[PDB]
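Enquirer: My structure file coords23.pdb, PDB, C-alpha atoms and all ligand atoms, is below:
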```pdb
ATOM      1  CA  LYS A 125     103.727  87.110  99.774
ATOM      2  CA  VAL A 126     101.458  88.747 102.375
ATOM      3  CA  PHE A 127      99.447  91.848 101.506
ATOM      4  CA  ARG A 128      97.293  93.523 104.178
ATOM      5  CA  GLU A 129      94.775  96.377 104.023
ATOM      6  CA  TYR A 130      93.366  98.230 107.042
ATOM      7  CA  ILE A 131      89.707  99.156 106.569
ATOM      8  CA  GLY A 132      86.661 100.626 108.286
ATOM      9  CA  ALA A 133      87.639 103.238 110.879
ATOM     10  CA  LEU A 134      86.529 106.426 109.102
ATOM     11  CA  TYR A 135      82.886 105.422 108.498
ATOM     12  CA  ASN A 136      83.230 106.767 104.949
ATOM     13  CA  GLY A 137      81.398 104.028 103.081
ATOM     14  CA  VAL A 138      84.382 102.085 101.787
ATOM     15  CA  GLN A 139      83.716  98.383 101.257
ATOM     16  CA  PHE A 140      85.912  95.282 100.929
ATOM     17  CA  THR A 141      84.637  95.162  97.337
ATOM     18  CA  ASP A 142      86.268  98.542  96.512
ATOM     19  CA  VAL A 143      89.746  97.142  97.214
ATOM     20  CA  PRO A 144      91.746  95.475  94.420
ATOM     21  CA  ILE A 145      92.366  91.790  95.276
ATOM     22  CA  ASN A 146      95.131  89.915  93.427
ATOM     23  CA  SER A 147      94.570  86.135  93.522
ATOM     24  CA  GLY A 148      98.306  85.454  93.872
ATOM     25  CA  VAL A 149      98.926  87.036  97.282
ATOM     26  CA  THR A 150      97.963  85.987 100.776
ATOM     27  CA  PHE A 151      95.416  88.776 101.281
ATOM     28  CA  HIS A 152      94.370  90.122 104.679
ATOM     29  CA  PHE A 153      91.776  92.775 105.364
ATOM     30  CA  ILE A 154      92.185  94.269 108.843
ATOM     31  CA  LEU A 155      89.027  95.785 110.311
ATOM     32  CA  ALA A 156      89.871  98.950 112.234
ATOM     33  CA  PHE A 157      89.036  99.088 115.159
ATOM     34  CA  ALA A 158      87.740  97.030 118.067
ATOM     35  CA  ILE A 159      88.218  99.061 121.242
ATOM     36  CA  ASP A 160      87.607  98.151 124.883
ATOM     37  CA  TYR A 161      85.897 101.486 125.511
ATOM     38  CA  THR A 162      82.362 102.819 125.509
ATOM     39  CA  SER A 163      81.245 105.491 123.050
ATOM     40  CA  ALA A 164      81.598 107.972 125.957
ATOM     41  CA  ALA A 165      85.330 107.049 126.093
ATOM     42  CA  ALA A 166      85.106 105.071 129.330
ATOM     43  CA  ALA A 167      87.375 101.994 129.430
ATOM     44  CA  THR A 168      85.550  98.644 129.709
ATOM     45  CA  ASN A 169      88.425  96.535 131.112
ATOM     46  CA  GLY A 170      88.942  94.472 127.994
ATOM     47  CA  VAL A 171      85.317  94.060 126.861
ATOM     48  CA  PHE A 172      85.741  94.912 123.176
ATOM     49  CA  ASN A 173      83.244  97.036 121.263
ATOM     50  CA  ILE A 174      82.983  97.658 117.526
ATOM     51  CA  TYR A 175      84.347 100.914 116.103
ATOM     52  CA  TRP A 176      84.457 100.158 112.428
ATOM     53  CA  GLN A 177      81.581 100.852 110.058
ATOM     54  CA  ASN A 178      79.893  97.532 110.785
ATOM     55  CA  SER A 179      76.555  98.525 109.238
ATOM     56  CA  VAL A 180      78.515  98.321 105.941
ATOM     57  CA  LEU A 181      81.292  95.873 106.852
ATOM     58  CA  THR A 182      78.840  93.345 108.250
ATOM     59  CA  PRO A 183      79.318  89.675 109.072
ATOM     60  CA  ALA A 184      77.601  88.899 105.732
ATOM     61  CA  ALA A 185      80.144  91.149 103.950
ATOM     62  CA  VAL A 186      83.077  89.296 105.550
ATOM     63  CA  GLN A 187      81.591  85.906 104.692
ATOM     64  CA  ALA A 188      80.925  87.006 101.109
ATOM     65  CA  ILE A 189      84.385  88.397 100.325
ATOM     66  CA  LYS A 190      85.977  85.258 101.797
ATOM     67  CA  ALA A 191      83.634  82.988  99.805
ATOM     68  CA  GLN A 192      84.514  84.798  96.575
ATOM     69  CA  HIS A 193      88.292  84.899  97.170
ATOM     70  CA  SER A 194      89.916  81.854  98.744
ATOM     71  CA  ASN A 195      93.137  83.801  99.383
ATOM     72  CA  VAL A 196      91.343  86.344 101.618
ATOM     73  CA  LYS A 197      91.287  86.409 105.424
ATOM     74  CA  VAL A 198      89.833  89.166 107.616
ATOM     75  CA  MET A 199      91.371  90.207 110.954
ATOM     76  CA  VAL A 200      90.503  92.925 113.479
ATOM     77  CA  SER A 201      92.828  95.597 114.877
ATOM     78  CA  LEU A 202      92.660  96.619 118.543
ATOM     79  CA  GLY A 203      92.897 100.145 119.899
ATOM     80  CA  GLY A 204      93.945 102.770 117.408
ATOM     81  CA  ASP A 205      94.516 106.421 118.276
ATOM     82  CA  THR A 206      91.209 107.815 119.554
ATOM     83  CA  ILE A 207      87.739 106.946 120.814
ATOM     84  CA  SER A 208      85.190 109.744 120.307
ATOM     85  CA  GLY A 209      88.182 112.115 120.112
ATOM     86  CA  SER A 210      89.859 110.942 123.356
ATOM     87  CA  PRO A 211      93.116 108.934 123.368
ATOM     88  CA  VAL A 212      92.665 105.176 123.602
ATOM     89  CA  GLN A 213      94.707 104.694 126.768
ATOM     90  CA  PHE A 214      95.478 101.052 127.400
ATOM     91  CA  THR A 215      94.094 100.324 130.853
ATOM     92  CA  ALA A 216      93.291  97.272 132.961
ATOM     93  CA  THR A 217      91.551  96.862 136.317
ATOM     94  CA  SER A 218      93.757  93.810 136.812
ATOM     95  CA  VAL A 219      95.758  91.733 134.358
ATOM     96  CA  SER A 220      93.640  88.640 134.923
ATOM     97  CA  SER A 221      90.284  90.402 134.550
ATOM     98  CA  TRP A 222      91.351  92.322 131.431
ATOM     99  CA  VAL A 223      92.661  89.126 129.832
ATOM    100  CA  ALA A 224      89.496  87.158 130.653
ATOM    101  CA  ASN A 225      87.320  89.871 129.140
ATOM    102  CA  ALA A 226      89.555  90.341 126.107
ATOM    103  CA  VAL A 227      89.856  86.649 125.205
ATOM    104  CA  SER A 228      86.102  86.084 125.661
ATOM    105  CA  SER A 229      84.814  89.261 123.980
ATOM    106  CA  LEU A 230      87.194  88.929 121.009
ATOM    107  CA  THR A 231      86.369  85.231 120.652
ATOM    108  CA  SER A 232      82.696  86.184 120.438
ATOM    109  CA  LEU A 233      83.449  88.917 117.897
ATOM    110  CA  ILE A 234      85.707  86.678 115.799
ATOM    111  CA  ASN A 235      83.026  83.992 115.668
ATOM    112  CA  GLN A 236      80.307  86.535 114.837
ATOM    113  CA  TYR A 237      82.247  88.211 112.016
ATOM    114  CA  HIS A 238      83.987  85.044 110.658
ATOM    115  CA  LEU A 239      87.408  86.509 111.423
ATOM    116  CA  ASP A 240      90.874  84.967 111.261
ATOM    117  CA  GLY A 241      93.002  86.966 113.670
ATOM    118  CA  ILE A 242      93.850  90.071 115.641
ATOM    119  CA  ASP A 243      96.278  92.965 115.258
ATOM    120  CA  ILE A 244      97.563  94.935 118.264
ATOM    121  CA  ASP A 245      97.502  98.698 117.602
ATOM    122  CA  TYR A 246      97.508 100.428 120.969
ATOM    123  CA  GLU A 247      99.687 103.532 121.134
ATOM    124  CA  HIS A 248      98.867 105.331 124.407
ATOM    125  CA  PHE A 249     100.430 103.956 127.560
ATOM    126  CA  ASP A 250     100.178 106.828 130.020
ATOM    127  CA  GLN A 251      97.911 104.834 132.407
ATOM    128  CA  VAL A 252      99.672 101.449 132.377
ATOM    129  CA  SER A 253     103.122  99.975 132.965
ATOM    130  CA  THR A 254     104.879  98.279 130.091
ATOM    131  CA  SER A 255     104.985  94.982 132.017
ATOM    132  CA  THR A 256     101.207  95.139 132.510
ATOM    133  CA  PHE A 257     100.586  95.856 128.819
ATOM    134  CA  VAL A 258     102.890  93.064 127.677
ATOM    135  CA  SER A 259     101.340  90.532 130.057
ATOM    136  CA  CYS A 260      97.797  91.412 128.944
ATOM    137  CA  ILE A 261      98.491  91.231 125.218
ATOM    138  CA  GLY A 262     100.854  88.256 125.334
ATOM    139  CA  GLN A 263      98.289  86.240 127.287
ATOM    140  CA  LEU A 264      95.470  87.354 124.961
ATOM    141  CA  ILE A 265      97.357  86.217 121.852
ATOM    142  CA  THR A 266      98.615  83.012 123.465
ATOM    143  CA  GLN A 267      95.116  82.012 124.579
ATOM    144  CA  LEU A 268      93.456  82.826 121.241
ATOM    145  CA  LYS A 269      96.087  80.667 119.508
ATOM    146  CA  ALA A 270      95.838  77.789 121.997
ATOM    147  CA  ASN A 271      92.029  77.886 121.815
ATOM    148  CA  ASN A 272      92.250  77.615 117.976
ATOM    149  CA  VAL A 273      90.290  80.859 117.629
ATOM    150  CA  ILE A 274      92.792  82.681 115.355
ATOM    151  CA  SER A 275      95.376  81.691 112.759
ATOM    152  CA  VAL A 276      97.186  85.083 112.576
ATOM    153  CA  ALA A 277      98.334  87.524 115.261
ATOM    154  CA  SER A 278     100.158  90.759 114.480
ATOM    155  CA  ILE A 279     101.443  93.896 116.144
ATOM    156  CA  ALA A 280     101.502  97.401 114.629
ATOM    157  CA  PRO A 281     104.461  99.268 116.174
ATOM    158  CA  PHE A 282     106.336 102.448 115.352
ATOM    159  CA  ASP A 283     109.391 104.017 116.996
ATOM    160  CA  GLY A 284     107.454 106.029 119.594
ATOM    161  CA  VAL A 285     106.164 102.776 121.113
ATOM    162  CA  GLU A 286     109.395 100.744 120.733
ATOM    163  CA  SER A 287     109.744 100.023 124.452
ATOM    164  CA  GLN A 288     106.316  98.386 124.638
ATOM    165  CA  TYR A 289     106.284  96.445 121.393
ATOM    166  CA  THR A 290     109.876  95.170 121.385
ATOM    167  CA  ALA A 291     109.282  93.801 124.899
ATOM    168  CA  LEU A 292     106.085  92.167 123.641
ATOM    169  CA  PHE A 293     107.677  90.719 120.490
ATOM    170  CA  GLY A 294     110.871  89.501 122.177
ATOM    171  CA  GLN A 295     108.738  87.594 124.680
ATOM    172  CA  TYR A 296     105.926  86.233 122.456
ATOM    173  CA  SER A 297     107.531  85.896 119.024
ATOM    174  CA  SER A 298     106.407  82.266 118.701
ATOM    175  CA  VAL A 299     102.749  83.372 118.657
ATOM    176  CA  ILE A 300     103.151  86.672 116.791
ATOM    177  CA  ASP A 301     103.144  85.936 113.070
ATOM    178  CA  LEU A 302     103.512  89.403 111.547
ATOM    179  CA  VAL A 303     104.917  92.793 112.481
ATOM    180  CA  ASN A 304     102.939  95.595 110.806
ATOM    181  CA  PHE A 305     105.661  98.197 111.362
ATOM    182  CA  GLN A 306     104.256 101.641 110.512
ATOM    183  CA  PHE A 307     106.808 103.097 108.067
ATOM    184  CA  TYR A 308     104.428 105.964 107.311
ATOM    185  CA  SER A 309     105.572 107.360 110.689
ATOM    186  CA  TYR A 310     108.677 108.594 108.801
ATOM    187  CA  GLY A 311     108.926 111.818 106.816
ATOM    188  CA  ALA A 312     107.352 112.579 103.442
ATOM    189  CA  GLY A 313     110.853 113.434 102.168
ATOM    190  CA  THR A 314     112.125 109.880 102.708
ATOM    191  CA  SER A 315     113.987 108.556  99.640
ATOM    192  CA  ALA A 316     113.909 104.941  98.434
ATOM    193  CA  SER A 317     117.483 104.417  99.737
ATOM    194  CA  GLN A 318     116.588 105.880 103.133
ATOM    195  CA  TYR A 319     113.485 103.674 103.283
ATOM    196  CA  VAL A 320     115.593 100.558 102.776
ATOM    197  CA  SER A 321     117.839 101.737 105.636
ATOM    198  CA  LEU A 322     114.838 102.493 107.876
ATOM    199  CA  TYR A 323     113.386  99.081 107.080
ATOM    200  CA  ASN A 324     116.656  97.368 108.044
ATOM    201  CA  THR A 325     116.752  99.219 111.352
ATOM    202  CA  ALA A 326     113.144  98.359 112.223
ATOM    203  CA  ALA A 327     113.621  94.773 111.104
ATOM    204  CA  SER A 328     116.670  94.459 113.411
ATOM    205  CA  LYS A 329     114.396  95.227 116.417
ATOM    206  CA  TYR A 330     111.628  92.762 115.477
ATOM    207  CA  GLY A 331     113.406  89.491 114.802
ATOM    208  CA  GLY A 332     115.508  90.353 111.730
ATOM    209  CA  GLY A 333     112.879  90.888 109.046
ATOM    210  CA  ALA A 334     111.237  87.514 108.344
ATOM    211  CA  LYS A 335     108.027  88.777 109.924
ATOM    212  CA  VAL A 336     108.401  92.509 109.317
ATOM    213  CA  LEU A 337     106.124  93.946 106.606
ATOM    214  CA  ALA A 338     106.884  97.118 104.680
ATOM    215  CA  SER A 339     104.156  99.740 104.569
ATOM    216  CA  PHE A 340     102.907 103.092 103.406
ATOM    217  CA  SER A 341      99.921 105.374 103.885
ATOM    218  CA  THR A 342      97.447 106.341 101.197
ATOM    219  CA  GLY A 343      96.078 109.100 103.467
ATOM    220  CA  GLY A 344      98.707 111.691 102.530
ATOM    221  CA  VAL A 345     101.248 111.074 105.297
ATOM    222  CA  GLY A 346     104.689 109.496 105.315
ATOM    223  CA  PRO A 347     107.003 108.412 102.491
ATOM    224  CA  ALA A 348     105.405 108.659  99.043
ATOM    225  CA  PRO A 349     103.832 105.345  97.994
ATOM    226  CA  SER A 350     105.671 105.274  94.647
ATOM    227  CA  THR A 351     108.954 105.758  96.519
ATOM    228  CA  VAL A 352     108.121 103.040  99.018
ATOM    229  CA  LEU A 353     107.225 100.677  96.167
ATOM    230  CA  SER A 354     110.658 101.330  94.640
ATOM    231  CA  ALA A 355     112.328 100.478  97.967
ATOM    232  CA  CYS A 356     110.164  97.372  98.212
ATOM    233  CA  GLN A 357     111.482  96.171  94.830
ATOM    234  CA  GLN A 358     115.019  96.282  96.297
ATOM    235  CA  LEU A 359     113.988  94.309  99.376
ATOM    236  CA  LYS A 360     112.207  91.785  97.124
ATOM    237  CA  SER A 361     115.256  91.415  94.875
ATOM    238  CA  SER A 362     117.295  90.614  98.025
ATOM    239  CA  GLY A 363     114.838  87.871  99.055
ATOM    240  CA  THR A 364     114.030  89.792 102.238
ATOM    241  CA  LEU A 365     110.469  91.177 101.783
ATOM    242  CA  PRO A 366     107.780  89.087 103.495
ATOM    243  CA  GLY A 367     104.973  91.422 102.471
ATOM    244  CA  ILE A 368     103.447  94.884 102.422
ATOM    245  CA  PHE A 369     100.523  96.545 104.193
ATOM    246  CA  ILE A 370      98.622  99.779 103.538
ATOM    247  CA  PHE A 371      96.887 102.160 105.892
ATOM    248  CA  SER A 372      94.165 102.300 104.637
ATOM    249  CA  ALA A 373      91.289 101.429 102.306
ATOM    250  CA  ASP A 374      89.340 104.392 103.763
ATOM    251  CA  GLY A 375      92.280 106.691 102.940
ATOM    252  CA  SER A 376      92.514 105.350  99.416
ATOM    253  CA  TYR A 377      88.750 105.644  98.909
ATOM    254  CA  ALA A 378      88.888 109.331  99.835
ATOM    255  CA  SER A 379      92.097 110.014  97.854
ATOM    256  CA  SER A 380      92.559 111.258  94.291
ATOM    257  CA  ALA A 381      94.877 108.283  93.602
ATOM    258  CA  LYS A 382      92.128 105.849  94.640
ATOM    259  CA  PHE A 383      93.412 102.225  94.826
ATOM    260  CA  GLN A 384      96.250 102.187  92.298
ATOM    261  CA  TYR A 385      98.924 101.626  94.956
ATOM    262  CA  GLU A 386      97.071  98.638  96.471
ATOM    263  CA  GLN A 387      97.256  97.077  93.023
ATOM    264  CA  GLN A 388     100.882  97.998  92.481
ATOM    265  CA  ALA A 389     101.870  96.553  95.854
ATOM    266  CA  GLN A 390     100.239  93.210  95.092
ATOM    267  CA  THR A 391     101.659  93.107  91.571
ATOM    268  CA  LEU A 392     105.133  93.707  93.034
ATOM    269  CA  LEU A 393     104.694  90.836  95.495
ATOM    270  CA  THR A 394     103.556  88.385  92.792
ATOM    271  CA  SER A 395     105.894  89.329  89.920
TER
HETATM  272 MG    MG A 401      97.974 106.475 113.644
END
```
Let me see whether you can do it: turn the structure in this file into structure tokens.
Expert:
Amino acid sequence: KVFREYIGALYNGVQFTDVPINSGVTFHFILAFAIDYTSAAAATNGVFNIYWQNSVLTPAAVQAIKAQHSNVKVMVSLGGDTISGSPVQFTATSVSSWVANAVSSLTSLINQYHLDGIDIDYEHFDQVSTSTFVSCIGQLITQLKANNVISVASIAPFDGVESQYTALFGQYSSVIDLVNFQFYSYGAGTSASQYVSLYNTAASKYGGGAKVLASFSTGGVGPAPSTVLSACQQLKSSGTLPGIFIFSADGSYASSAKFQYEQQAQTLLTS
């Protein structure tokens, strides 16, 4: 019964408090994004900087939402698509130096913002080998778990990055709790039946489904949310739906539909 909500990357004023929270789900906010780049789009070799709207989504805001709702945790997502318009290319000076900077800088950030975990959301690999990427991230997650710094690690794959993320998951599944597979990568014409099929295929690549969350976008891309919710009811009826995530609170905030699908998703998971 996991529900997750990405939030903070658009700097559009959305707050944790705008998002419907059902007391009956395991609720995760995911701050988007921490990036190991400078604002001039220079890589920092794993020293993570803040690229969510942290003047609004402050440490006090994280502490407050968690104090009010005992079922809420807050994680941070790494990478994303762009940094000041440039692609966030995963890049490391060396594996060991990137890992040392990533573990330390994210530990500092997690302690500062009262966070519970990290989500891996790199998508550009034109400047790094897959082995290098997998080693960096696998070590990062393994160390944060061993150091008792995080309770939840996730990855956010889609088909275009299958080579990287299946290698990562197949190797580090014991320390990766959740697979935030991006089903909003598929077409807007996707039917509920097709979605169930697409979910089965993705689940087959990421351990069978126990850890693989369904998802949709509220930003006007991918399968229609109402259609995805229908597919999710079928997966739930089968006893094979671990949870749902939405990209994103910012999208919902700016949308005409507002947050009705966040609510519907959580109601589905708890009913
Ligand atoms: Mg994207």
Enquirer: Considering only C-alpha atoms and all ligand atoms, give me a table of residues in chain A that are at most 9 Å from ligand MG 401 (chain A), with the closest atom pair and distance in Å for each, as CSV.
Expert:
```
residue,atom,partner,partner_atom,distance
A:204,CA,A:MG401,MG,6.6
A:205,CA,A:MG401,MG,5.8
A:245,CA,A:MG401,MG,8.7
A:247,CA,A:MG401,MG,8.2
A:306,CA,A:MG401,MG,8.5
A:309,CA,A:MG401,MG,8.2
A:371,CA,A:MG401,MG,8.9
```
Enquirer: Using Å and a single decimal, report how far CA of residue 336 in chain A sits from CA of residue 279 in chain A.
Expert: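 Going from CA of residue 279 in chain A over to CA of residue 336 in chain A, I get 9.8 Å.
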Enquirer: Please write as a PyMOL selection string the full residue list that the PyMOL selection byres (((chain A and resi 348) around 10) and not hetatm) yields on this file.
Expert: chain A and resi 308+311-316+340-342+344-347+349-353
Enquirer: Extract, using all atoms listed in the file, all DNA, RNA and protein residues at most 12 Å from residue 333 in chain A, discarding same-chain residues fewer than 2 positions from it, and format them as number ranges by chain.
Expert: A: 301-305, 320, 322-331, 335-338, 359-360, 362-367
Enquirer: For residue 339 in chain A, work out the shell of residues within 6 Å, counting all atoms listed in the file and skipping chain neighbours fewer than 5 positions away, then give it as a list in words.
Expert: residues 307, 368, 369 and 370 of chain A
Enquirer: Could you tell me which residues the PyMOL selection byres (((chain A and resi 392) around 12) and not hetatm) grabs in this file, written as a ChimeraX atom specification?
Expert: /A:125-127,146,148-149,350,352-361,365-368,385-391,393-395
Enquirer: Please compute the CA of residue 217 in chain A-CA of residue 238 in chain A distance, one decimal, in Å.
Expert: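 Interatomic distance here is 29.2 Å.
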